[PDB]
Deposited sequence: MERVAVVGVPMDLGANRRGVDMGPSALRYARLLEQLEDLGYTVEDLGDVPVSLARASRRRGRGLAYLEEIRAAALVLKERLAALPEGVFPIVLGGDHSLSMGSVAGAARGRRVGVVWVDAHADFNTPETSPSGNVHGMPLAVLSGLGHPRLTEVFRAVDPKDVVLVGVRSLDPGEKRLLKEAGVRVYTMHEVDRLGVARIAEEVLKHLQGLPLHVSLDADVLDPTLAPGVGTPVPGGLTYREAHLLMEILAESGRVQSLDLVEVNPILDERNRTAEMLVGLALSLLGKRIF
């Protein structure tokens, strides 16, 4: 019933992410929902650009671990790379589950590929990749993870993901089983553990979330997204949230940002009836 919001304006225009989520009144609407909300502010941010990231992602994680116990954390960000720092840090050292809701698997290693770290955080978190990264950010067992909304993978990704054994719910599976059910399966699969959900904006259809780094046709519908957040929220097991890859520079009327603040409220309890 207490909630902390910390921003990681990282872009190594997604760095404006944290600012749009705030202008979308994320905070005021959570209090409206009943929570007491403290804004911690922004974590300062000084292959391509590795150390800077691991550094800022370090500062992040330390901050989450400090945080009194029982406080729900909401990380507003740019790069999905922050996830490395957050998921680790919000775990508080516990064995937690990760519902990674992205259009991508964000699962490469430097071996599989671009060269950009933000396509590498889920893997590192599973312990696969450059050591300067895995050694300070490993925080979950591959078996403890579930991708949802995925509709675009690199060949090295398919392999690592298969070899590793990560439950992957691509948009084919969404179209096929419906989100209602996929939602249920995610909870069985990760039954018993606290859940840290990471929401990548590129998961909703571009037709709806235009402001994003890498649009990818045929994504979750507006309604669809809320169902997932609601079903999930119901479990009462959700403990932390990642709201990322929100690019105002590409958005319209700042609506991609509004969509997340809305899905955040669905995940933290808000119900129609």
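Judged by missing C-alpha atoms, the gaps in the deposited chain sequence fall at residues 1, 14-18, 53-63, 131, listed in sequence order.
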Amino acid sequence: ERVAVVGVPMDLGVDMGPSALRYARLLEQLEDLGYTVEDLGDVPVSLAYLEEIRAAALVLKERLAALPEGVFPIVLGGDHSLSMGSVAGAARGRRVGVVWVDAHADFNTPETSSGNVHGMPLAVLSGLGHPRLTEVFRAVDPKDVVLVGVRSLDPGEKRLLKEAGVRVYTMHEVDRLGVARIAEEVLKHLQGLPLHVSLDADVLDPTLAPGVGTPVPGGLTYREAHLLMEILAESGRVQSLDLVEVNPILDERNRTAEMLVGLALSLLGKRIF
From here on, numbers count along this sequence of modelled residues.
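The mean Cα B-factor in the deposited entry runs higher for 37-45 than for the other of 239-247 and 37-45. Sorting the modelled residues of the chain by their CA temperature factor places residue 29 in the lowest third. In this PDB entry, residue 207 carries a Cα temperature factor that places it within the middle third of its chain's modelled residues. Compared with the other modelled residues of the chain, the Cα B-factor recorded for residue 171 ranks in the middle third.
Among the modelled residues of the chain, residue 153 sits in the middle third by CA temperature factor in this PDB entry. In this PDB entry, the Cα temperature factor of residue 73 sits in the bottom third of its chain's modelled residues, the lowest group.
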